[PDB]
Amino acid sequence: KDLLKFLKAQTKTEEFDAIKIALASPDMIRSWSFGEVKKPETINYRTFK
Amino acid sequence: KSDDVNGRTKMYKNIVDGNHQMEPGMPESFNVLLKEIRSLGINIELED
Amino acid sequence: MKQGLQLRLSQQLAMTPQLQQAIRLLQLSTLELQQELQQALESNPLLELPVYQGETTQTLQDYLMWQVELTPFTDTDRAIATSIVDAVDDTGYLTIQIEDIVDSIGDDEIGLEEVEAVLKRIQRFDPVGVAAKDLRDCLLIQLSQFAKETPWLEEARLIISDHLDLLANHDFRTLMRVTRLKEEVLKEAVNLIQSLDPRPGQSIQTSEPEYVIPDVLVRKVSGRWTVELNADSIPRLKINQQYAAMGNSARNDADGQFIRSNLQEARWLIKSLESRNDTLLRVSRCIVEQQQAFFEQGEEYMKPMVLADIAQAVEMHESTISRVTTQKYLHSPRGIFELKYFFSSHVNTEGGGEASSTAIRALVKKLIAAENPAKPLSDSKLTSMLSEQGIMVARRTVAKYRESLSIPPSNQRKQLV
DNA sequence: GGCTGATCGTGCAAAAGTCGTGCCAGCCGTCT
DNA sequence: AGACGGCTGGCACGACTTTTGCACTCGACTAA
């Protein structure tokens, strides 16, 4: 990383034209996600992390 | 004058420099909407 | 029979061992206990908006970023400025070194001259001395910000240059000998240097409340002190009535056995939890009985307390008392303090008094606070104050308490009046 | 055999730690 | 300008605290 275009790459966009929508697939959903939640816990008040 | 975070500072700097050029970006509210749709079992994406 | 103290006979074993469930109950885990209970309830199946904050405070990181955007700089210069902004402490100092910054740049074209120029530009910012990482550097920048018309400016600059050590030790005589400055005229310059706003970046930090949830609440309104635990914080488990009403009706031996085992485990856990709650309430009542004397006597005259003394006030073993005292907090009108904070060592005093270490430290701190700034109280001089108190104490060991209160050395605490 | 199942079960103790208080070695501020 | 003086500060031995690592054999039989 040379860090000059690294910041520049943050500000980028596509044409975004002709958006569609259809049904979903579970494997696609896993692709969208990066991890799975497994506890109902949200936040700790002991350390606020 | 909207949620485009990258556009607000750009426009402010342009006005300070007297550029008067408008850079669109793409509103973050649309991103929120897209994430909400994806939160459902719904496939949606933006093509080219 | 008869009354006697013969020492040879038969006996039995001590208290029966392997009470792991009771051992866990004796220790207080607070929310961790709640998490363990949640895990067990997951294991045991027979147990049971439009308004948003919407705040985008800059925190001076966004302010610094806006200043960088609003300032004219090259792409390499802008990247260097952003990297510098990344390594900024909350107090307003640079966390990383200049050589560290250059290494993080990882550019052969990047040079120390460019880093110095950026730092000068970084110094050229509001507030002055941004990410200086050096008190003298930040102080020098702040002094350079002001005009030269003010008196004692060059002398203050000279002192900030290389005379910081004498001020650190408050070595006024040594500083006068070295710098050859005007006597007692340097006091005004010292005061002005004290009026330099150290850590100017501290204003960026915004206060955030510390959510402290007490366990026991005490009112003592019009006397009649009554210890009450936080009912909201009190855990409560429910038995699955629908599951309860399906055990006998089951025609499967395996299902019935599983239901019976789950019910027995849930009953044992509920009994353990109730026993722990009752023991905690009893311990709190006993402590409040002891603390009532302490509360009336006040923090300065707090009485010494022993773990065995409290264990006597209860019927359980002192091990249970120690386990319960762990992770124990309570709320009182005076304030909220840990249960273990009540206990303190007993210092032999004149007339045979036993003096609480914490109370002795508090009284010593109060006395030291009421001391002449020109002449700080000496540790040997503290023996005179202790004698005036009418209670014997350990002045030699009193330095340990003084350091515990983070009290600076009396010689180091000496300053011009 | 092979543990095998089970009333009923509110410390304890023992090595470990930790502090209380004093006790000696150095050090600078100083004035002879 | 070298020595008293109180500080400072760690090191030591007693003196209070403390945590964890600990479940027999039942009363069912169990018979080869």
# chains A, B, ... in the order shown; residues from 1 in each chain; ligands from 1

call {"tool": "residues_around", "arguments": {"residues": "range 168-180 of chain C", "least_positions_apart": "4", "cutoff": "8 Å", "atoms": "only C-alpha atoms (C1' of nucleotides)", "output": "list in words"}}
result
residues 163, 164, 412, 413, 414 and 415 of chain C

call {"tool": "residues_around", "arguments": {"residues": "range 4-20 of chain A", "least_positions_apart": "6", "cutoff": "12 Å", "atoms": "only C-alpha atoms (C1' of nucleotides)", "output": "ChimeraX atom specification"}}
result
/B:4-7,10,23-27,30,34,42-48 /C:74-80,82-83,105,107

call {"tool": "write_last_selection", "arguments": {"atoms": "C-alpha atoms", "output": "PDB file, in the first residue's frame"}}
result
ATOM      1  CA  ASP B   4     -23.472  12.580   1.413  1.00  0.00           C
ATOM      2  CA  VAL B   5     -20.625  12.788   3.922  1.00  0.00           C
ATOM      3  CA  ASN B   6     -17.900  12.829   1.274  1.00  0.00           C
ATOM      4  CA  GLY B   7     -19.774  15.542  -0.608  1.00  0.00           C
ATOM      5  CA  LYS B  10     -15.881  18.687  -0.628  1.00  0.00           C
ATOM      6  CA  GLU B  23     -19.774  16.535  -6.943  1.00  0.00           C
ATOM      7  CA  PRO B  24     -22.751  14.173  -6.554  1.00  0.00           C
ATOM      8  CA  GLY B  25     -21.578  11.131  -4.672  1.00  0.00           C
ATOM      9  CA  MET B  26     -24.465   8.909  -3.631  1.00  0.00           C
ATOM     10  CA  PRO B  27     -26.655   9.383  -0.535  1.00  0.00           C
ATOM     11  CA  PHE B  30     -29.828   4.772   0.002  1.00  0.00           C
ATOM     12  CA  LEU B  34     -30.045  -1.293   0.719  1.00  0.00           C
ATOM     13  CA  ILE B  42     -34.125 -10.411  -0.268  1.00  0.00           C
ATOM     14  CA  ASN B  43     -31.524 -10.256  -3.029  1.00  0.00           C
ATOM     15  CA  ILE B  44     -30.776  -6.783  -4.371  1.00  0.00           C
ATOM     16  CA  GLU B  45     -27.719  -5.254  -6.009  1.00  0.00           C
ATOM     17  CA  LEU B  46     -26.714  -2.355  -8.244  1.00  0.00           C
ATOM     18  CA  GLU B  47     -25.468  -3.310 -11.705  1.00  0.00           C
ATOM     19  CA  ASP B  48     -23.389  -1.382 -14.239  1.00  0.00           C
TER      20      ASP B  48
ATOM     21  CA  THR C  74       0.449  18.523  -1.495  1.00  0.00           C
ATOM     22  CA  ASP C  75      -0.917  15.010  -1.907  1.00  0.00           C
ATOM     23  CA  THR C  76       2.161  13.668  -0.136  1.00  0.00           C
ATOM     24  CA  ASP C  77       1.856  16.547   2.331  1.00  0.00           C
ATOM     25  CA  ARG C  78      -1.841  15.794   2.838  1.00  0.00           C
ATOM     26  CA  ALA C  79      -1.084  12.108   3.420  1.00  0.00           C
ATOM     27  CA  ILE C  80       1.656  12.989   5.912  1.00  0.00           C
ATOM     28  CA  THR C  82      -3.391  12.614   7.868  1.00  0.00           C
ATOM     29  CA  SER C  83      -0.860  10.124   9.230  1.00  0.00           C
ATOM     30  CA  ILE C 105       5.615   6.507   5.702  1.00  0.00           C
ATOM     31  CA  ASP C 107       8.968   6.325   1.294  1.00  0.00           C
TER      32      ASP C 107
END

call {"tool": "interface_residues", "arguments": {"of": "chain D", "to": "chain C", "cutoff": "9 Å", "atoms": "only C-alpha atoms (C1' of nucleotides)", "output": "ChimeraX atom specification"}}
result
/D:9-12,19-22

call {"tool": "write_last_selection", "arguments": {"atoms": "C-alpha atoms (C1' of nucleotides)", "output": "compact mmCIF listing (two decimals), in the first residue's frame"}}
result
# COMPACT_ATOMS: atom_id res chain seq x y z
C1' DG D 9 -25.07 -32.81 52.28
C1' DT D 10 -24.17 -24.14 54.89
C1' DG D 11 -16.67 -25.75 55.59
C1' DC D 12 -11.97 -25.90 56.23
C1' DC D 19 0.55 -6.56 55.39
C1' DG D 20 2.60 -3.95 59.99
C1' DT D 21 6.20 -1.98 61.72
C1' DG D 22 10.66 -1.32 62.27

call {"tool": "select_by_dssp", "arguments": {"residues": "chain B", "states": "alpha helix (DSSP H)", "output": "ChimeraX atom specification"}}
result
/B:5-16,28-39

call {"tool": "write_last_selection", "arguments": {"atoms": "C-alpha atoms", "output": "CSV table (one decimal), in the first residue's frame"}}
result
chain,number,residue,atom,x,y,z
B,5,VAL,CA,-20.6,12.8,3.9
B,6,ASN,CA,-17.9,12.8,1.3
B,7,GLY,CA,-19.8,15.5,-0.6
B,8,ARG,CA,-20.4,18.0,2.2
B,9,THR,CA,-16.8,18.6,3.1
B,10,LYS,CA,-15.9,18.7,-0.6
B,11,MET,CA,-18.5,21.4,-1.3
B,12,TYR,CA,-17.4,23.3,1.8
B,13,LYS,CA,-13.8,23.3,0.6
B,14,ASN,CA,-14.9,24.3,-2.9
B,15,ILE,CA,-16.9,27.2,-1.6
B,16,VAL,CA,-14.0,28.3,0.5
B,28,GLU,CA,-26.0,7.3,2.5
B,29,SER,CA,-29.8,6.9,3.1
B,30,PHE,CA,-29.8,4.8,0.0
B,31,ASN,CA,-27.1,2.6,1.6
B,32,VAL,CA,-29.2,2.3,4.7
B,33,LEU,CA,-32.2,1.3,2.6
B,34,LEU,CA,-30.0,-1.3,0.7
B,35,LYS,CA,-28.7,-2.8,4.0
B,36,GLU,CA,-32.3,-2.9,5.4
B,37,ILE,CA,-33.5,-4.8,2.3
B,38,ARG,CA,-30.5,-7.1,2.5
B,39,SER,CA,-31.4,-7.7,6.2

call {"tool": "interface_residues", "arguments": {"of": "chain C", "to": "chain B", "cutoff": "9 Å", "atoms": "only C-alpha atoms", "output": "VMD selection string"}}
result
chain C and resid 66 69 to 70

call {"tool": "write_last_selection", "arguments": {"atoms": "N, CA, C and O atoms", "output": "PDB file, in the first residue's frame"}}
result
ATOM      1  N   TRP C  66     -11.030  18.453   9.059  1.00  0.00           N
ATOM      2  CA  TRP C  66     -11.545  19.590   8.307  1.00  0.00           C
ATOM      3  C   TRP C  66     -10.473  20.652   8.122  1.00  0.00           C
ATOM      4  O   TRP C  66     -10.356  21.248   7.045  1.00  0.00           O
ATOM      5  N   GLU C  69      -8.228  19.413   5.409  1.00  0.00           N
ATOM      6  CA  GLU C  69      -8.871  19.614   4.115  1.00  0.00           C
ATOM      7  C   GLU C  69      -8.883  21.086   3.734  1.00  0.00           C
ATOM      8  O   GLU C  69      -8.597  21.443   2.585  1.00  0.00           O
ATOM      9  N   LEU C  70      -9.201  21.958   4.686  1.00  0.00           N
ATOM     10  CA  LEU C  70      -9.210  23.391   4.436  1.00  0.00           C
ATOM     11  C   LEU C  70      -7.815  23.970   4.253  1.00  0.00           C
ATOM     12  O   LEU C  70      -7.689  25.097   3.763  1.00  0.00           O
TER      13      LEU C  70
END

call {"tool": "closest_atom_pairs", "arguments": {"of": "chain E", "to": "chain C", "cutoff": "12 Å", "atoms": "only C-alpha atoms (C1' of nucleotides)", "output": "Markdown table"}}
result
| residue | atom | partner | partner_atom | distance |
| --- | --- | --- | --- | --- |
| E:5 | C1' | C:380 | CA | 10.8 |
| E:6 | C1' | C:380 | CA | 7.5 |
| E:7 | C1' | C:379 | CA | 8.0 |
| E:8 | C1' | C:399 | CA | 8.9 |
| E:9 | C1' | C:399 | CA | 9.6 |
| E:10 | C1' | C:400 | CA | 11.6 |
| E:15 | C1' | C:345 | CA | 11.1 |
| E:16 | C1' | C:306 | CA | 8.7 |
| E:17 | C1' | C:307 | CA | 7.7 |
| E:18 | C1' | C:319 | CA | 7.5 |
| E:19 | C1' | C:319 | CA | 8.0 |
| E:20 | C1' | C:23 | CA | 9.3 |
| E:21 | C1' | C:18 | CA | 8.0 |
| E:22 | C1' | C:18 | CA | 5.3 |
| E:23 | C1' | C:18 | CA | 5.7 |
| E:24 | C1' | C:16 | CA | 9.5 |

call {"tool": "write_last_selection", "arguments": {"atoms": "N, CA and C atoms (P, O5', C5', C4', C3', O3' and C1' of nucleotides)", "output": "compact mmCIF listing (two decimals), in the first residue's frame"}}
result
# COMPACT_ATOMS: atom_id res chain seq x y z
P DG E 5 21.63 15.98 63.32
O5' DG E 5 21.30 16.71 61.93
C5' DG E 5 20.30 17.71 61.88
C4' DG E 5 19.10 17.24 61.09
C3' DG E 5 18.36 16.04 61.67
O3' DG E 5 17.01 16.09 61.26
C1' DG E 5 19.32 15.42 59.63
P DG E 6 15.91 15.21 62.01
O5' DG E 6 14.53 15.86 61.54
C5' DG E 6 14.49 16.66 60.37
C4' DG E 6 14.38 15.79 59.12
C3' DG E 6 13.52 14.54 59.28
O3' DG E 6 12.27 14.73 58.61
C1' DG E 6 15.51 14.15 57.99
P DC E 7 11.41 13.48 58.05
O5' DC E 7 12.04 13.20 56.61
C5' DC E 7 12.22 14.28 55.71
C4' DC E 7 12.55 13.77 54.31
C3' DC E 7 11.66 12.64 53.81
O3' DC E 7 11.43 12.80 52.42
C1' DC E 7 13.91 11.90 53.92
P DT E 8 10.30 11.94 51.67
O5' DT E 8 11.09 11.26 50.47
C5' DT E 8 12.51 11.17 50.52
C4' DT E 8 12.98 9.85 49.96
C3' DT E 8 11.89 8.79 49.80
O3' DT E 8 12.15 8.03 48.64
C1' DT E 8 13.59 7.96 51.18
P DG E 9 11.03 7.05 48.02
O5' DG E 9 11.89 6.05 47.14
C5' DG E 9 13.26 5.84 47.45
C4' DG E 9 13.45 4.52 48.18
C3' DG E 9 12.25 3.57 48.13
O3' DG E 9 12.63 2.34 47.54
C1' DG E 9 13.19 3.66 50.28
P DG E 10 11.53 1.32 46.96
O5' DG E 10 12.25 -0.10 47.08
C5' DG E 10 13.64 -0.20 46.83
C4' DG E 10 14.33 -0.97 47.94
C3' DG E 10 13.81 -2.39 48.15
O3' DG E 10 14.91 -3.26 48.37
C1' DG E 10 13.71 -1.21 50.17
P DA E 15 3.95 -12.00 65.78
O5' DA E 15 3.28 -11.05 64.69
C5' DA E 15 2.39 -10.03 65.10
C4' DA E 15 1.14 -10.01 64.24
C3' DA E 15 0.10 -11.07 64.58
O3' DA E 15 -1.20 -10.56 64.32
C1' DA E 15 0.80 -11.38 62.39
P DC E 16 -2.50 -11.31 64.89
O5' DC E 16 -3.55 -11.21 63.69
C5' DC E 16 -3.97 -9.94 63.22
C4' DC E 16 -4.28 -9.98 61.74
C3' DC E 16 -5.48 -10.86 61.36
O3' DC E 16 -6.42 -10.12 60.60
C1' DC E 16 -3.57 -11.38 60.02
P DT E 17 -7.77 -10.82 60.08
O5' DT E 17 -7.38 -11.32 58.61
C5' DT E 17 -6.94 -10.38 57.65
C4' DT E 17 -6.73 -11.03 56.30
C3' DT E 17 -7.87 -11.94 55.82
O3' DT E 17 -8.03 -11.77 54.43
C1' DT E 17 -5.88 -13.14 55.81
P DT E 18 -9.36 -12.28 53.68
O5' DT E 18 -8.84 -12.56 52.19
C5' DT E 18 -7.49 -12.99 51.98
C4' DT E 18 -7.47 -14.31 51.24
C3' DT E 18 -8.80 -15.05 51.24
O3' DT E 18 -8.92 -15.83 50.07
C1' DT E 18 -7.22 -16.39 52.24
P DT E 19 -9.87 -15.34 48.87
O5' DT E 19 -9.30 -16.14 47.61
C5' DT E 19 -7.92 -16.47 47.55
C4' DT E 19 -7.70 -17.87 46.98
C3' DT E 19 -8.88 -18.48 46.27
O3' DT E 19 -8.40 -19.46 45.38
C1' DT E 19 -8.48 -19.68 48.26
P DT E 20 -9.33 -20.06 44.22
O5' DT E 20 -8.51 -21.33 43.73
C5' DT E 20 -7.38 -21.76 44.48
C4' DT E 20 -7.54 -23.19 44.95
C3' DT E 20 -8.60 -23.99 44.20
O3' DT E 20 -8.19 -25.35 44.11
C1' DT E 20 -9.16 -23.92 46.47
P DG E 21 -7.23 -25.82 42.91
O5' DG E 21 -6.73 -27.27 43.35
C5' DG E 21 -6.33 -27.51 44.69
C4' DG E 21 -7.25 -28.53 45.33
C3' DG E 21 -8.20 -29.21 44.35
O3' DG E 21 -7.75 -30.55 44.07
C1' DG E 21 -9.33 -28.52 46.37
P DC E 22 -8.08 -31.78 45.05
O5' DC E 22 -9.61 -32.13 44.73
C5' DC E 22 -10.25 -33.23 45.36
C4' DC E 22 -10.54 -32.92 46.81
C3' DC E 22 -11.82 -33.51 47.35
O3' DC E 22 -11.60 -34.85 47.76
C1' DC E 22 -11.46 -31.27 48.15
P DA E 23 -12.45 -36.05 47.11
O5' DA E 23 -13.97 -35.56 47.25
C5' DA E 23 -14.64 -35.62 48.51
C4' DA E 23 -15.65 -36.75 48.53
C3' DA E 23 -15.72 -37.56 47.25
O3' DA E 23 -14.68 -38.58 47.20
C1' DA E 23 -17.91 -36.99 47.96
P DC E 24 -14.29 -39.53 48.46
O5' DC E 24 -15.67 -40.21 48.89
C5' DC E 24 -15.90 -41.57 48.57
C4' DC E 24 -15.83 -42.42 49.83
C3' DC E 24 -16.86 -43.55 49.87
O3' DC E 24 -16.37 -44.61 50.69
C1' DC E 24 -17.30 -42.07 51.61

call {"tool": "atom_distance", "arguments": {"atom1": "CA of residue 186 in chain C", "atom2": "CA of residue 158 in chain C"}}
result
11.7 Å

call {"tool": "residues_around", "arguments": {"residues": "residue 6 in chain D", "least_positions_apart": "2", "cutoff": "9 Å", "atoms": "only C-alpha atoms (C1' of nucleotides)", "output": "ChimeraX atom specification"}}
result
/D:4 /E:26-28

call {"tool": "write_last_selection", "arguments": {"atoms": "N, CA, C and O atoms (P, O5', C5', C4', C3', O3' and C1' of nucleotides)", "output": "tab-separated table (two decimals), in the first residue's frame"}}
result
chain	number	residue	atom	x	y	z
D	4	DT	P	-19.41	-47.60	36.45
D	4	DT	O5'	-20.94	-47.18	36.25
D	4	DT	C5'	-21.97	-48.08	36.66
D	4	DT	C4'	-22.69	-47.57	37.90
D	4	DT	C3'	-21.81	-46.84	38.90
D	4	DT	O3'	-21.63	-45.45	38.54
D	4	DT	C1'	-23.29	-48.35	40.02
E	26	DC	P	-21.94	-48.95	52.26
E	26	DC	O5'	-23.28	-48.90	53.13
E	26	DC	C5'	-24.54	-48.64	52.51
E	26	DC	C4'	-24.83	-47.16	52.41
E	26	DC	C3'	-26.24	-46.83	51.93
E	26	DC	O3'	-26.70	-45.61	52.50
E	26	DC	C1'	-24.69	-46.06	50.34
E	27	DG	P	-28.03	-45.58	53.40
E	27	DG	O5'	-29.19	-45.12	52.40
E	27	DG	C5'	-30.39	-45.88	52.28
E	27	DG	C4'	-30.38	-46.68	50.99
E	27	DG	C3'	-31.32	-47.88	50.95
E	27	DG	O3'	-32.56	-47.52	50.35
E	27	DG	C1'	-29.11	-48.56	50.39
E	28	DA	P	-33.55	-48.65	49.78
E	28	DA	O5'	-33.00	-48.95	48.30
E	28	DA	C5'	-33.10	-50.27	47.76
E	28	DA	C4'	-32.45	-50.33	46.38
E	28	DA	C3'	-32.26	-51.73	45.82
E	28	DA	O3'	-33.41	-52.16	45.12
E	28	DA	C1'	-30.21	-50.61	45.74

call {"tool": "atom_distance", "arguments": {"atom1": "CA of residue 73 in chain C", "atom2": "CA of residue 85 in chain C"}}
result
14.2 Å
